[PDB]
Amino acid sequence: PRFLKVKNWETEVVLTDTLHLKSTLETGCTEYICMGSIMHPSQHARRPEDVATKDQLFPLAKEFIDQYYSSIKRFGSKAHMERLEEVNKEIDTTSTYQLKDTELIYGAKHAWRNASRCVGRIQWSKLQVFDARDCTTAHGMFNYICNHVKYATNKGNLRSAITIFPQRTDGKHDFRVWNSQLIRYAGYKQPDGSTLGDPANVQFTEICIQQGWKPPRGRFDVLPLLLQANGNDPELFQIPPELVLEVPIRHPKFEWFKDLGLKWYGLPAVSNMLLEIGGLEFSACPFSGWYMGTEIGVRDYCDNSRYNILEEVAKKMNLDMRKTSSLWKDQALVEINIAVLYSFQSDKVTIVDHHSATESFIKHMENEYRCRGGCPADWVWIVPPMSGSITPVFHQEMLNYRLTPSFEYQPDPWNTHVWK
């Protein structure tokens, strides 16, 4: 029916969802099977694999233009009807259409607003949008990305931003950032078989080396940018180091911590996702905000197939590592996340702890149910990866559904690119 309730089991607040009635595409679940913990549950996309026919693209365009003109209290106005007819002609004569600046901004902000996996969405309407649709080469992509990084970093007072490159046309002329984030550290396969640096990035690191990058072969080597424009072969660029803000990790109590020689970068900037607005696909759309401390201290530092530094911290702390039941992993994990937050705050680099972020999200949910009739949210991703049940989102029921505009996953370009 016309409503589904969600309950918080701590406060007994009940919210009533009607926004899900506007959901467009499949979650992957059914009556009989829930796919809520599948990373990529569904391949349901809104238009086929490349350049659609008119009957495929125009309905999606009309739906978005309708939604945008409703959003600004028109619908049916002179400009709405003209825009429809203008999109109609543009598709007739080019097989696609071009978004207005206002529509582009509306679409980007609503993709963030609709991102059910993102705990940071209370900030969704404060997003700086850089229109990079006039770009034609990898050199121009590099210039746009450098300006984004400089604006977003803002000497540590971080600012959310997205830079949007030309949309897909036929699928052979894609713009792509091959990096998964604008700033990541290299990972190196070692002679014995261990890994130096960040193990997630071993393959991408090897592509960069195989493209002519000379690796300094350290533990915190900022990877080059690997940029593809208009379907051509990708090109390597070194981000100027003065644009890459980094934080040395120290601990407020353990003076030995800084001798671990750890650091991390300040700017999280996802660059491998696809932005979908009214049937248009922006395959290069790097966006950035600021970290929740656990993203560094829990996942980046302590995943087994990542930096895996729990061993060292625990040793220096003189914990019993004979058996799991001493909870030495849990104890070192806390100290590391204390140190990360203390270090970012000491250097006045924007960062949020998982207690503050999750409390912000409960408040965001309440705002969204009050003004919008709902808020799509993926509990599996929203609950932080440590200390789950002492955060308020753990006890919050959530409904997950897919709204458009949206951010989507896309295949890695090196599986699909035909080299020249």
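For the two forms, the rigid core is made up of the largest set of C-alpha atoms that agree within 1.5 Å on superposition. Residue numbers here begin at 1 and follow the sequence given.
When the other structures are laid on the shown form by the rigid core, the stretch among 305 to 313 and 289 to 297 with the greater C-alpha deviation in 8 other deposited structures of this protein turns out to be 305 to 313.
Choosing between 273 to 281 and 69 to 77, the greater Cα displacement from the shown form in 8 other deposited structures of this protein, fitted by the core, goes with 69 to 77. Figure legend: residue 389 is marked as modelled in all of the other comparable entries of the protein, none of which omit it, let alone a third. Modelling of residue 45 is missing from a third or more of the other compared entries in which both of its neighbours are modelled. Relative to its counterpart among 286 to 294 and 193 to 201, 193 to 201 has the higher mean temperature factor, C-alpha atoms as listed in the PDB entry. For the two regions 304 to 312 and 176 to 184, the entry's Cα B-factors average higher over 304 to 312. When the C-alpha B-factors of 215, 166, 224, 241 are read from the PDB record, the largest value belongs to 215. Across 277, 91, 146, 119, the greatest Cα temperature factor reported in the deposited entry is at 91. In the deposited entry, the Cα temperature factor of residue 142 places it in the lowest third of its chain's modelled residues. When the CA B factors of the chain's modelled residues are split into thirds, the value for residue 47 lands in the highest one. Remark: residue 368 belongs to the lowest third of its chain, ranked by C-alpha B-factor as recorded. Residue 265: CA B factor in the middle third of modelled residues in this chain (values from the PDB entry). Per the PDB record, residue ranking by Cα B-factor puts residue 271 in the lowest third of the chain.
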